[PDB]
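One structure below.
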Amino acid sequence: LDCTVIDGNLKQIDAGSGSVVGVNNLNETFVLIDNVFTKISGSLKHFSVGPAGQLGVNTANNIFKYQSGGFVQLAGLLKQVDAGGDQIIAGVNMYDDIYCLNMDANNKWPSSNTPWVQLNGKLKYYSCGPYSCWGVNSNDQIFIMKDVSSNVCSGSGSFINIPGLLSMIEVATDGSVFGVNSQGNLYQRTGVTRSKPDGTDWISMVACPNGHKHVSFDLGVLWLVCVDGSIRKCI
Amino acid sequence: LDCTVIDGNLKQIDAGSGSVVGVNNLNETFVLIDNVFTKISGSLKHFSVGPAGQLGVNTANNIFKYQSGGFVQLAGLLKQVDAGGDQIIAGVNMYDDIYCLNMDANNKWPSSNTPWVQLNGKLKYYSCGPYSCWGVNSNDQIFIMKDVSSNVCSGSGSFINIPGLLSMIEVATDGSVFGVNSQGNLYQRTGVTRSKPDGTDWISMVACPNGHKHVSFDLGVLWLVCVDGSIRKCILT
Ligand SMILES: *[C@@H]1O[C@H](CO)[C@@H](O[C@@H]2O[C@H](CO)[C@@H](O)[C@H](O)[C@H]2NC(C)=O)[C@H](O)[C@H]1NC(C)=O
Ligand SMILES: *[C@@H]1O[C@H](CO)[C@@H](O[C@@H]2O[C@H](CO)[C@@H](O)[C@H](O)[C@H]2NC(C)=O)[C@H](O)[C@H]1NC(C)=O
Ligand SMILES: CC(=O)N[C@@H]1[C@@H](O)[C@H](O)[C@@H](CO)O[C@@H]1O
Ligand SMILES: CC(=O)N[C@@H]1[C@@H](O)[C@H](O)[C@@H](CO)O[C@@H]1O
Ligand SMILES: CC(=O)N[C@@H]1[C@@H](O)[C@H](O)[C@@H](CO)O[C@@H]1O
Ligand SMILES: [Ca+2]
Ligand SMILES: [Ca+2]
Ligand SMILES: [Mg+2]
Ligand SMILES: [Mg+2]
């Protein structure tokens, strides 16, 4: 990895649809604008961007979607949310229960309901890509949901355990899968394709000299939050 | 129809995926950030946003996509580009030739061999939504491409003419279709469904009392640029 340092400090970063967003330890919300992390209105502990929009959650687990000029609350509660899927939203709540919203509901406004679908299982972190979603549970075990589509956000309905341990995991729009483990090591899943969505093995890489805290990938660029909150941008 | 005036001045506006973007007469590029049209770096004569990203074109007809902190030049030439399709790119070039880029290609970077698909026909303006794309030709005749999908961006391959005249047309993520004609009137297509993607008729509406220039719709909100460059934000009954 050839990386550069990007100025700023974050605890979480997400990249998708050409955007790069994140939050810092004070839960200030940032968008990468002309190569500068730029604060926007809001208080969020997790901020995601991708083909499903700009989605975040606050400390109280309220869910927000950026629309028509600002964050608007969506009905429900989640501790983490991802917008990487194919116009679907996915996330987990404080009890590690797993939810997704289908494209037809995501794109309906006004709405007198947000018809979340519960997935069978437990995860502390859940991220979606073009044809699958990956997550980890409270014991850092790794899972894939295959056959996810825009109006079948719940997929095949049966999670598959993928050997290994990760503390968080992100799925990119080109299908790439990266994660960080409890030791702050960084990994990519090799051999991931639409035909083989589970891929083949894990390979380690190093962007942060001091340990990695958070990772996301989009459009040939790997984004890292290091242990100290500093940011790396990698090809 | 209820409308308010929103501060700013543009020649073109697009809304999609909860974002609203546009360009002004100077080709300065704007994003609606915390309810204020905020200038970001870049020179573009058309700026689009939707599930396929933030896409634009400049005076030279070079194509740009916002990626990884700024605008990145793509391979190809377009005079107008739209990002409202299902992770596909669509547009027209200086000869009114029509192009789309499939989802898997749109998401691949670097892209040294970009597999643009040329569609059969001529349009001066082309916009995509969840299951179809709509466009108009240089004589303001209106066309739909049916059966468009993420990795068959060319759809059925055969454009169907829809009666009426429009100068531009935009398709929303919920399938709504709006357009503005050369006289500055504003229309919505009625009867549009997945089963009946071409819909059934046009209905006129008035947001700009002195004439409409450009329209886009996203998530229950209709956005107008009026003839004078002023902006309206409207909510339908
Ligand atoms: C920013 O958000 C984080 C996460 O919600 C806050 O840290 C949590 O604070 C709550 C009490 O509100 C505790 O129950 C949790 O143990 C904390 N979580 C973690 C991971 O530390 C943090 O306080 C917020 N920061 C500010 C400045 O408000
Ligand atoms: C902004 O962009 C527009 C569109 O490219 C420019 O207007 C065109 O100028 C070209 C010269 O390159 C003429 O050939 C066209 O007739 C013009 N088109 C239109 C619609 O006016 C305009 O000059 C640019 N403005 C600035 C300040 O850069
Ligand atoms: C994401 C979210 O808030 N999901 C909720 C779930 O918590 C709740 O139990 C249920 C009640 O019917 O509605 C939704 O599915
Ligand atoms: C993500 C993950 O669990 N990666 C593992 C790593 O922990 C382990 O140390 C290594 C050695 O066998 O194999 C894999 O790369
Ligand atoms: C989009 C479009 O072409 N609308 C036409 C309008 O031009 C015409 O004046 C009206 C009355 O015949 O019929 C349609 O509404
Ligand atoms: Ca993501
Ligand atoms: Ca559009
Ligand atoms: Mg003003
Ligand atoms: Mg799709």
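In the structure tokens, each chain is lettered A, B, ... as it comes, each chain's residues begin at 1, and ligands are numbered from 1 in order of appearance.
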- Query: Counting only C-alpha atoms and all ligand atoms, what residues are within 9 Å of ligand 3, given as a PyMOL selection string?
  - Reply: chain A and resi 61-63+75-78+90-93+97-101+114-118
*Interface list for chain B, partner chain A, 9 Å threshold, only C-alpha atoms, as a PyMOL selection string*: chain B and resi 15-20+31-37+40-41+50-54+65-71+86-87+103-110+173-174+218-221
Write out, as a PDB file, in the first residue's frame, the residues just selected, with C-alpha atoms.
ATOM      1  CA  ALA B  15     -31.930  15.837  -7.337  1.00  0.00           C
ATOM      2  CA  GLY B  16     -31.413  12.151  -6.429  1.00  0.00           C
ATOM      3  CA  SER B  17     -30.428   9.855  -3.552  1.00  0.00           C
ATOM      4  CA  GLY B  18     -31.331  12.626  -1.080  1.00  0.00           C
ATOM      5  CA  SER B  19     -28.834  15.036  -2.695  1.00  0.00           C
ATOM      6  CA  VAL B  20     -29.531  18.203  -4.693  1.00  0.00           C
ATOM      7  CA  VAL B  31     -24.357  21.102  -3.650  1.00  0.00           C
ATOM      8  CA  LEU B  32     -27.243  21.692  -1.259  1.00  0.00           C
ATOM      9  CA  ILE B  33     -25.405  21.482   2.070  1.00  0.00           C
ATOM     10  CA  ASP B  34     -27.422  22.188   5.226  1.00  0.00           C
ATOM     11  CA  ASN B  35     -30.106  23.852   3.112  1.00  0.00           C
ATOM     12  CA  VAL B  36     -27.681  26.214   1.378  1.00  0.00           C
ATOM     13  CA  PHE B  37     -26.504  25.877  -2.225  1.00  0.00           C
ATOM     14  CA  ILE B  40     -17.572  23.375  -4.452  1.00  0.00           C
ATOM     15  CA  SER B  41     -14.521  23.292  -6.783  1.00  0.00           C
ATOM     16  CA  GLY B  50     -28.393   9.953  -7.990  1.00  0.00           C
ATOM     17  CA  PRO B  51     -27.819   6.296  -7.192  1.00  0.00           C
ATOM     18  CA  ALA B  52     -24.992   6.184  -9.794  1.00  0.00           C
ATOM     19  CA  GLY B  53     -23.026   9.016  -8.079  1.00  0.00           C
ATOM     20  CA  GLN B  54     -22.225  12.675  -8.718  1.00  0.00           C
ATOM     21  CA  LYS B  65     -17.291  11.968 -11.495  1.00  0.00           C
ATOM     22  CA  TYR B  66     -16.868  13.032  -7.893  1.00  0.00           C
ATOM     23  CA  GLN B  67     -14.565  10.399  -6.334  1.00  0.00           C
ATOM     24  CA  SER B  68     -12.303  10.221  -3.331  1.00  0.00           C
ATOM     25  CA  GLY B  69     -12.324  13.931  -2.524  1.00  0.00           C
ATOM     26  CA  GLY B  70     -12.789  15.679  -5.860  1.00  0.00           C
ATOM     27  CA  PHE B  71     -13.827  15.483  -9.490  1.00  0.00           C
ATOM     28  CA  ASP B  86     -29.695   2.007 -10.995  1.00  0.00           C
ATOM     29  CA  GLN B  87     -25.931   2.555 -10.609  1.00  0.00           C
ATOM     30  CA  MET B 103     -23.176  -0.779 -13.048  1.00  0.00           C
ATOM     31  CA  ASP B 104     -20.144  -3.074 -12.913  1.00  0.00           C
ATOM     32  CA  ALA B 105     -18.189  -0.706 -15.182  1.00  0.00           C
ATOM     33  CA  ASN B 106     -19.353   2.402 -13.297  1.00  0.00           C
ATOM     34  CA  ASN B 107     -18.003   0.937 -10.048  1.00  0.00           C
ATOM     35  CA  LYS B 108     -14.629  -0.237 -11.408  1.00  0.00           C
ATOM     36  CA  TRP B 109     -11.638   2.063 -10.788  1.00  0.00           C
ATOM     37  CA  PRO B 110      -9.117   2.510 -12.297  1.00  0.00           C
ATOM     38  CA  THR B 173     -35.782   7.264  -8.010  1.00  0.00           C
ATOM     39  CA  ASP B 174     -39.466   6.544  -7.291  1.00  0.00           C
ATOM     40  CA  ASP B 218     -36.399  13.526  -5.486  1.00  0.00           C
ATOM     41  CA  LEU B 219     -38.051  12.080  -2.384  1.00  0.00           C
ATOM     42  CA  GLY B 220     -41.315  14.014  -2.509  1.00  0.00           C
ATOM     43  CA  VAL B 221     -39.725  17.324  -3.459  1.00  0.00           C
TER      44      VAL B 221
END
Distance filter 9 Å around ligand 7, atoms: only C-alpha atoms and all ligand atoms, out as a CSV table (one decimal) with N, CA, C and O atoms, in the first residue's frame:
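So selection_34.csv came out as:
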chain,number,residue,atom,x,y,z
B,13,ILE,N,-30.4,22.1,-12.4
B,13,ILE,CA,-30.6,21.5,-11.1
B,13,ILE,C,-30.9,20.0,-11.3
B,13,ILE,O,-31.5,19.6,-12.2
B,14,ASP,N,-30.3,19.2,-10.4
B,14,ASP,CA,-30.7,17.8,-10.3
B,14,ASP,C,-30.8,17.3,-8.9
B,14,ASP,O,-30.0,17.7,-8.0
B,15,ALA,N,-31.7,16.4,-8.7
B,15,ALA,CA,-31.9,15.8,-7.3
B,15,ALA,C,-32.0,14.3,-7.4
B,15,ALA,O,-32.7,13.8,-8.3
B,16,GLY,N,-31.5,13.6,-6.4
B,16,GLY,CA,-31.4,12.2,-6.4
B,16,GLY,C,-30.7,11.6,-5.2
B,16,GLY,O,-29.7,12.3,-4.8
B,48,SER,N,-25.2,16.2,-12.2
B,48,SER,CA,-26.3,15.3,-11.9
B,48,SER,C,-25.9,14.5,-10.6
B,48,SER,O,-24.7,14.3,-10.4
B,49,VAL,N,-26.9,14.1,-9.9
B,49,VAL,CA,-26.7,13.3,-8.7
B,49,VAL,C,-27.8,12.2,-8.6
B,49,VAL,O,-29.0,12.5,-8.9
B,50,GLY,N,-27.4,11.0,-8.2
B,50,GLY,CA,-28.4,10.0,-8.0
B,50,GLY,C,-27.7,8.7,-7.6
B,50,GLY,O,-26.5,8.7,-7.1
B,81,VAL,N,-25.1,14.4,-18.8
B,81,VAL,CA,-25.0,13.1,-18.2
B,81,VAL,C,-26.0,13.0,-17.0
B,81,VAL,O,-26.3,14.0,-16.4
B,82,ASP,N,-26.5,11.8,-16.8
B,82,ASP,CA,-27.4,11.6,-15.7
B,82,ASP,C,-27.0,10.5,-14.8
B,82,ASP,O,-26.6,9.4,-15.3
B,83,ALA,N,-27.2,10.6,-13.5
B,83,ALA,CA,-26.9,9.6,-12.5
B,83,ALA,C,-28.1,9.0,-11.7
B,83,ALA,O,-27.9,8.3,-10.7
B,84,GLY,N,-29.3,9.1,-12.3
B,84,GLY,CA,-30.5,8.7,-11.6
B,84,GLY,C,-30.8,7.2,-11.8
B,84,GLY,O,-31.7,6.7,-11.1
B,85,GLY,N,-30.2,6.6,-12.8
B,85,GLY,CA,-30.4,5.1,-13.0
B,85,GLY,C,-29.8,4.2,-11.9
B,85,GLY,O,-29.2,4.7,-10.9
B,127,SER,N,-32.2,10.9,-19.3
B,127,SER,CA,-32.3,10.7,-17.9
B,127,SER,C,-32.8,9.3,-17.5
B,127,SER,O,-33.7,8.8,-18.2
B,128,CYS,N,-32.2,8.8,-16.4
B,128,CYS,CA,-32.6,7.4,-16.0
B,128,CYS,C,-33.2,7.4,-14.6
B,128,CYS,O,-32.9,8.2,-13.8
B,129,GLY,N,-34.1,6.4,-14.5
B,129,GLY,CA,-34.7,6.0,-13.2
B,129,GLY,C,-34.6,4.5,-12.9
B,129,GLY,O,-33.7,3.9,-13.5
B,169,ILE,N,-36.1,16.5,-19.6
B,169,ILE,CA,-36.9,15.5,-18.9
B,169,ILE,C,-36.1,14.8,-17.9
B,169,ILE,O,-34.9,14.5,-18.1
B,170,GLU,N,-36.6,14.5,-16.7
B,170,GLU,CA,-35.9,13.9,-15.6
B,170,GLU,C,-36.7,12.8,-15.0
B,170,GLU,O,-37.9,12.9,-14.9
B,171,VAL,N,-36.1,11.7,-14.7
B,171,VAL,CA,-36.8,10.5,-14.1
B,171,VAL,C,-36.2,10.4,-12.6
B,171,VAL,O,-35.0,10.4,-12.4
B,172,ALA,N,-37.2,10.2,-11.7
B,172,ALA,CA,-36.8,10.2,-10.3
B,172,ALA,C,-36.6,8.7,-9.7
B,172,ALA,O,-37.0,7.8,-10.4
B,173,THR,N,-36.0,8.6,-8.6
B,173,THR,CA,-35.8,7.3,-8.0
B,173,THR,C,-37.1,6.5,-7.7
B,173,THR,O,-37.1,5.3,-7.6
B,216,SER,N,-36.2,18.9,-11.6
B,216,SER,CA,-35.8,17.6,-11.1
B,216,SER,C,-36.6,17.3,-9.9
B,216,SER,O,-37.1,18.2,-9.2
B,217,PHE,N,-36.8,16.0,-9.6
B,217,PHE,CA,-37.6,15.6,-8.5
B,217,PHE,C,-36.9,14.5,-7.7
B,217,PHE,O,-36.3,13.5,-8.2
B,218,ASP,N,-36.9,14.6,-6.3
B,218,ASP,CA,-36.4,13.5,-5.5
B,218,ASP,C,-37.1,13.5,-4.1
B,218,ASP,O,-37.3,14.5,-3.5
*Kindly indicate which residue among B:228, B:97, B:28, B:147 lies nearest to residue 198 of chain B, using only C-alpha atoms for the distances.*
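Smallest separation from residue 198 of chain B among the options: B:147.
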Query raised in the report: Could you name the residues that touch residue 206 of chain B at 12 Å or less, counting only C-alpha atoms, but leaving out those on the same chain fewer than 3 positions away, as a list in words?
Result: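 Skipping anything fewer than 3 positions along the chain leaves residues 1, 2, 3, 179, 180, 184, 185, 186, 187, 188, 203, 209, 210, 211, 212, 213, 215, 222, 223, 224, 226, 232, 233, 234, 235 and 236 of chain B.
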### Message
If we count only C-alpha atoms and set the cut-off at 8 Å, which residues sit around residue 230 of chain A, ignoring sequence neighbours fewer than 5 positions away in its own chain? Please answer as number ranges by chain.
### Response
A: 5-10, 225
Can I get the selected residues back with N, CA and C atoms, as a compact mmCIF listing (two decimals), in the first residue's frame?
# COMPACT_ATOMS: atom_id res chain seq x y z
N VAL A 5 -1.19 10.86 3.93
CA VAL A 5 -1.92 11.30 5.10
C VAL A 5 -2.91 12.38 4.66
N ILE A 6 -4.15 12.25 5.10
CA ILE A 6 -5.16 13.30 4.91
C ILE A 6 -5.40 13.98 6.24
N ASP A 7 -5.36 15.31 6.27
CA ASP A 7 -5.51 16.03 7.52
C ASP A 7 -6.86 15.79 8.16
N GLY A 8 -6.88 15.80 9.48
CA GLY A 8 -8.11 15.63 10.23
C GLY A 8 -8.01 14.55 11.28
N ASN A 9 -9.12 14.32 11.97
CA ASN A 9 -9.21 13.27 12.98
C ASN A 9 -10.62 12.72 12.99
N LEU A 10 -10.72 11.39 12.91
CA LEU A 10 -12.02 10.71 12.88
C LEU A 10 -11.97 9.46 13.75
N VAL A 225 -8.90 4.91 9.09
CA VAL A 225 -8.73 5.67 10.32
C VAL A 225 -7.72 4.86 11.14
